[PDB]
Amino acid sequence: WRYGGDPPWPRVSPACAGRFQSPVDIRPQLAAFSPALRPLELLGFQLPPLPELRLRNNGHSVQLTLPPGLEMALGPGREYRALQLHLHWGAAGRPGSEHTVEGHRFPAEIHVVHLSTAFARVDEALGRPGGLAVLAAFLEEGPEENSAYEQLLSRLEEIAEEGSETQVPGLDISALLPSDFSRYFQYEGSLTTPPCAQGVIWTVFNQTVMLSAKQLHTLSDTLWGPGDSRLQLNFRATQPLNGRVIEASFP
């Protein structure tokens, strides 16, 4: 499968034609305030430098493989383990976040993908309710170089070619996320690429993460994808809520 052309995704996976897909346009007036949504909790995200982690240009994103022992809870009894994180982005003067807010597309987006502790493997969790959970944050332009992001972004030249990878020292993985874990939207949807399985719990932070202009340019102008093409605009069009109500942890 690829962005911007064939094969049609429903042909690759029928779940890509499900009614309840991601990403979506968050319209926060239509979000439902839900006070049972408590602050997200993360354990083990502050990693030592060794052992190193694998960072891969997979042709459709840059993906960092996370080690065992990263625990995430969406709430009491809602427990997950982190598997990997990756990015979606646009191109020169074109934003490429997956989620939008009142139609606004942000420069880029981070996803940290998690497996429910009830499942040993992703393929057993696929399509099961709450089997997979993704934390999502928008990346915007700020004045300073983001030091946590610089650790990944400084290595993209090494993985410019589709299918290449490199090793990077462990870092504080939670430093790639906003510090505000209290304010977020949450809805049930799908993986945003094939196999587009449903049952995925999406949590989208209110607060954004700040990268420098240079960093955002590095992300969008360094990697190459399928064929002789730049890896850019690697986001799926927003999908209709189709009756789903997005919850918000705030009024």
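Numbering starts at 1 and runs along the sequence shown.
Mean CA temperature factor is higher for 23 to 31 when stretches 23 to 31 and 185 to 193 are set side by side in the entry. Checked against the record, the higher mean CA B factor of 133 to 141 and 155 to 163 lies with 155 to 163.
Within the group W224, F45, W202, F205, the record's highest C-alpha temperature factor is found at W224. Note on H104, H111, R128, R81: the highest value goes to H104, judged by CA B factor as recorded. Compared with the other modelled residues of the chain, the Cα B-factor recorded for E98 ranks in the lowest third. Among the modelled residues of its chain, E150 has a C-alpha B-factor that falls in the middle third, as given in the PDB entry.
Among the modelled residues of its chain, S212 has a C-alpha B-factor that falls in the lowest third according to the deposited record.
Remark: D180 belongs to the highest third of its chain, ranked by C-alpha B-factor as recorded.
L87: CA B factor lies in the lowest third for its chain, per the PDB record.
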